[PDB]
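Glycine gets a Cβ as well: all are built from the backbone with ideal geometry, and neighbour counts include every protein chain shown. Values quoted throughout were computed directly from the atomic coordinates according to the rules given, and no laboratory measurement underlies them.
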Number of protein chains: 6
Amino acid sequence: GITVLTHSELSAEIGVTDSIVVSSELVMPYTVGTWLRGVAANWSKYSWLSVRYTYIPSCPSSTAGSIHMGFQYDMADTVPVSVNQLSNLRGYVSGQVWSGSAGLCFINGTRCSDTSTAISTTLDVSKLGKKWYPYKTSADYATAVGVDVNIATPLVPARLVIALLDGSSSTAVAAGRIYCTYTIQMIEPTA
Amino acid sequence: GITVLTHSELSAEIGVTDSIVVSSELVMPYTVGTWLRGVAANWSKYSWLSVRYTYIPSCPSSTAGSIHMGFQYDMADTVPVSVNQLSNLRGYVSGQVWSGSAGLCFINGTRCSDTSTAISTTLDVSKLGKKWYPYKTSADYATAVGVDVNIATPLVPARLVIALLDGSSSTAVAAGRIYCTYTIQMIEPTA
Amino acid sequence: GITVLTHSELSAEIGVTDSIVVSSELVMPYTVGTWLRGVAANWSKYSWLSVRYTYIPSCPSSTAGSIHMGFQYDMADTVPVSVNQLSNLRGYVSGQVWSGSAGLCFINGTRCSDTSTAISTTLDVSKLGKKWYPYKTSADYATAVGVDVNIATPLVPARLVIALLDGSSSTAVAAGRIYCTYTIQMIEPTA
Amino acid sequence: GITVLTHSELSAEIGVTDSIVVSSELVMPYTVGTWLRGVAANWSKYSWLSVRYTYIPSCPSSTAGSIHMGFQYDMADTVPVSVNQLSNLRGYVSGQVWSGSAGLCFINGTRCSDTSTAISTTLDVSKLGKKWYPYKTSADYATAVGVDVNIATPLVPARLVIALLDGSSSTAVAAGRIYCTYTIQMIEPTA
Amino acid sequence: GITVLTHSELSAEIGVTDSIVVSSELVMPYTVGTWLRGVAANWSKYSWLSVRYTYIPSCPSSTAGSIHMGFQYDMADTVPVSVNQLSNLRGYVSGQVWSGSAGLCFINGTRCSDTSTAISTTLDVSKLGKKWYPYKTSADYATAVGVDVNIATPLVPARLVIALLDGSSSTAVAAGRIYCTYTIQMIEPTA
Amino acid sequence: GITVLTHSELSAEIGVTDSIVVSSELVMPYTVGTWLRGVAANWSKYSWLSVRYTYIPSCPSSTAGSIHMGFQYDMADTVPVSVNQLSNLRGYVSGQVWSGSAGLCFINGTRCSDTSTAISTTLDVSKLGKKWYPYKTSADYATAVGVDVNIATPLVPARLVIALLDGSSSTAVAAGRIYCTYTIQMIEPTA
């Protein structure tokens, strides 16, 4: 009784400044995108068959800035503070905030030809702690971390880490967007 | 007695501003392009074998702006108001208003090599309500909606939705053009 | 639970005058013939596998007049006003009101040899909007048109259009008859 | 981009009296069950691959009453008023309000052995007007009917009709429940 | 030019008392059920390929009563007066007025698994006097009998005989219903 | 060093009232049955290869009541409060409190023929959080829930949920019993 779902939605709008800014997203249906959030709530557990975050630029070629993405798979790990650290992450990618166009074929459900320049990264579903995760909210996760950070490792599969720097301005310039393209297995319906 | 027609024409000129602007085009011969409009009027019914909208830029690499396209297949659906919503659409594509050059091979009748960066989207002809649609004008559609919006679902196969934002100016800057590349079956001639 | 029915009955008596007279018949069981009307009412839906209207003359060889038949498949189409227009229709046939004898084999359930001269025309069942149509009365159709003509496109499969002109007299001379030879699938019985 | 979903939920609680009581349910995701209602709202269109309504008793063997179910596939059809009429319906089933236990394997996702006595009926998906239906609410349907009933035939695939009579009491006795077991194809996501 | 029709409708409501009550139904389209009566009137002759009467209970398990069915194939035969006699009939079946549930699959157009307990009986179409019978009314039959009973043997294929007894009450208790499930060949249309 | 054990024992006595009563059992050796509780304590960990709960009635056919069973696989899920909710559960079954006899072959170690009517449900061992669970007491579980409910998801594989209602009396009537039929792998002995 597995419902398989493949879909691709907006996950984050992205802006760039001159100082580094590190942010992060939990890789779970609640936080991935507003649509999936609503859909997957109707089931109790899920399993990621595939998760891919893809940056697509919206700015001029002349825009200063770079973007960096990587995954952490231990909720207890501290979020990185530098590109150096972040570069060691599994799935690390990096590029000009005006580059990344060739990643479009990933958010599309179309067959991908040359994606050399694509700023896209996928989750290692195979190396996840386990297979079936429960659907949990941000609130649920925050509560669990507040007791002990390790109680969370079984609730969320992973954490996407994003860093933006190298911008020309101290106030954020609109650079682009991050889209999540997932294939999810949902099971154990709930009312 | 099917007349098959494959052709590619201009469908829309495109301009970009700093506030989001959502527009939409009915995916039917009257509204697709001026040429096809005139041609297909000579038949009573048609079927799309293929429909593809392709954005081609005409602006500098330094032009701010992004463009977003997707299809809606229920005339009753409300037109989206945000990129977030629009990103959930079937056939969604997104890009810089200065990108999209590689989509040229689509509007061309030439064989396409690498189209990774192409801002192009095709209609799901297979998942259309039905096969043979009648040729209808804008007027015809407006009338039918005015009675009940659901009457229209059988008259138009789909709706193309376009969004433009992230521009640097409050008044529109010429960004590019959208071309429709269709293969249509026309039947049941009329005078 | 499909009841298949093949049958052939009188559908229209035909008279000819000197001025053109265009009339039309809905291609649906209620209006096709009095017998089928009564039969098919006992089911809720039907599908035409085959529909053929066949003119058979009853007049002298010396009778002036011609007859013209064609199908329209969009209820919204305006009924034609000239032979020129009507000639463009799908299934168009034309002949002397005293010709058409060789069409007899069609109304007969006998095997047809040479039908070169036959004034007979068949519906394109393949190109119909859809497959299963509901049984509807004239009243039902008139009501639906009165709201919006496009509501009717899903209720009737097609319209037979008949034109008679070239007659020698201002008052109608009996020319012949039109017989409908149909194969219909009836489903979903009703009380 | 089809999401296939198979599932089985409660659809109606059922009570029996001495006078006949005819009720009916639209066979569309909004009205089928509360869970599916919520889930399928997240898409724009659907197609039933399979729909099956299954009565399961909860009363004593000594309980007077019978139950009757059938499908209507034309929204314009008048709801039946007698068992006689209802018995002519496609998919008709009938039984004691205390019988129907053997239908349990249907609501279960288990393999079914002997279901001779099961009070269960399935929709003829093949003979539906068309394939892809839009997700519509009760409100949407009521509106559309209020204009012209025939507008609705394209919005809802069918109507389940239920009749209960032969009870021993003038006030309703709890007899059993009706469960819907569906396999649905959902497409064209929406926010 | 044979129209084949398969269908299943209500044929008789059934009540049980303490004294034996023998009733009977002619096995001809006029008397089989109201729906078929109307349909088949549109043809002149018919042939039964299959006829099956099926009792389905609607009463409590605690209801006293038994039901008995058999066919007579000579209109001149006198209707039986005892179970003993009736038991000799061809196609004889017997059961508790609260049994017979498993016969449901027969009235259904679904595939039948275990029907050991089913109170259902079929006509021996092979051993009928002849093949093509004329459509006749009750009036027609009554007239013909009034002249000589043997005139009727060619008009009606057979007679269903029903007996109900063993009830607990002297006034009839609602027990169940008899449904006819037929496959009929209709020929020689008529107006 | 795996000790495999297959066995079937009493798990719960069951009574029915007029108001709904929802109860639940943890699906772990301590709580499954008194015998297994004692046996499996001698090992440290286990894995369910198969778990099946089976209701067997002990009441008259005339007993009012129904019974409902389903599994929850997230200890944090709130126990259901209505049949409607419970019906959505994975493995859901429902029946008259006097039905369920045909489930006997499951508690038996005999080969099962027709189990259409059986009120029996099995655990989805495949979709369990993980494979090897530790043997834990009720006390152990209560403690762990008292800290944070999510700590428990790794200790207990699942929860059986039972609902009883539709009874004729406000004080419980003995209806039947629930038997657990398990195949367990026990490992890592302990003193």
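Structure notes:
- Residues of region D:138-152 satisfying the condition of being surrounded by fewer than 22 Cβ atoms within 10 Å (Cβ to Cβ) and not acidic (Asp, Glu): D:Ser138, D:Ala139, D:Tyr141, D:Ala142, D:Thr143, D:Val145, D:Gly146, D:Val147, D:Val149
- Evaluation of C:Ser50 against (1) within 14 Å of chain B (Cβ to nearest Cβ); (2) surrounded by fewer than 16 Cβ atoms within 10 Å (Cβ to Cβ); (3) touching a strand residue (DSSP E or B) at 6+ places or on another chain (Cβ under 7 Å) (one fails), failing number: (1)
- Selection of region E:56-79 for residues being touching a helix residue (DSSP H, G or I) at 6+ places or on another chain (Cβ under 7 Å) and surrounded by 20 or more Cβ atoms within 10 Å (Cβ to Cβ) yields E:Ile56, E:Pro57, E:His68, E:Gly70, E:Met75.
- Those residues of region B:172-188 which are over 24 Å from B:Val4 (Cβ atoms) and either under 19 Å from the mean Cα position of the chain (by Cα) or hydroxyl-bearing (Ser, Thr, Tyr) (or both), in sequence order: B:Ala174, B:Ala175, B:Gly176, B:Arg177
- The strands (runs of 3 or more DSSP E) found entirely in region D:53-168 that carry 1 or more residues being under 18 Å from the mean Cα position of the chain (by Cα), within 14 Å of chain E (Cβ to nearest Cβ) and charged (D, E, K, R) are D:90-96.
- Evaluation of B:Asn42 against (1) under 16 Å from the mean Cα position of the chain (by Cα); (2) within 30 Å of C:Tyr73 (Cα to Cα) (one fails), failing number: (1)
- Check on C:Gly100, at positive phi and surrounded by fewer than 19 Cβ atoms within 10 Å (Cβ to Cβ): no
- Residue check for A:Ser19: in contact with a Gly (Cβ under 9 Å, 6 or more places away or on another chain), surrounded by fewer than 16 Cβ atoms within 10 Å (Cβ to Cβ), away from chain B (no Cβ under 12 Å) and not aliphatic (A, V, I, L, M): yes
- For region F:1-16, the set of residues classified as surrounded by fewer than 16 Cβ atoms within 10 Å (Cβ to Cβ) and within 29 Å of D:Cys59 (Cα to Cα) consists of F:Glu9, F:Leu10, F:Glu13, listed by residue number.
- The sole residue among D:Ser62, D:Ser87 that is without any contact (Cβ under 8 Å) to a residue 60 or more places away in the chain and in contact with a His (Cβ under 8 Å, 6 or more places away or on another chain) is D:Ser87.
- Restricting attention to region D:103-120, the residues being in contact with a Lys or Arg (Cβ under 9 Å, 6 or more places away or on another chain) and surrounded by 21 or more Cβ atoms within 10 Å (Cβ to Cβ) number 4.
- Residue within region A:121-137 that is crowded, with 20+ Cβ neighbours inside 10 Å and aliphatic (A, V, I, L, M) present: yes
- When residues in region E:35-44 are screened for being in contact (Cβ under 8 Å) with a residue 24 or more places away in the chain and surrounded by fewer than 18 Cβ atoms within 10 Å (Cβ to Cβ), 2 of them pass.
- For beta carbons closer than 9 Å, sequence separation of 6+ or different chains, a first residue in region A:96-123 that is over 16 Å from A:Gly65 (Cα atoms) and a second that is of a type in the set (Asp, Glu) and not in a loop (DSSP other than H, G, I, E, B), the qualifying pairs are A:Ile107/A:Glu9.
- Inside region A:177-191, residues that are in a strand (DSSP E or B), within 14 Å of chain F (Cβ to nearest Cβ) and surrounded by fewer than 24 Cβ atoms within 10 Å (Cβ to Cβ) make up a count of 3.
- Just so you know, in region B:3-52 the residues that are part of a strand (DSSP E or B) and among the β-branched types (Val, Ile, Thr) include one that is farthest from B:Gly129 (Cα to Cα), and it is B:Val16.
- Pairs with Cβ under 8 Å, 6+ apart, first in region B:124-142 and within 16 Å of B:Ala40 (Cα to Cα), second assigned to a helix (DSSP H, G or I) and aromatic (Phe, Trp, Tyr): B:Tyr135/B:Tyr30; B:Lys136/B:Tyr30; B:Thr137/B:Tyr30; B:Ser138/B:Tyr30
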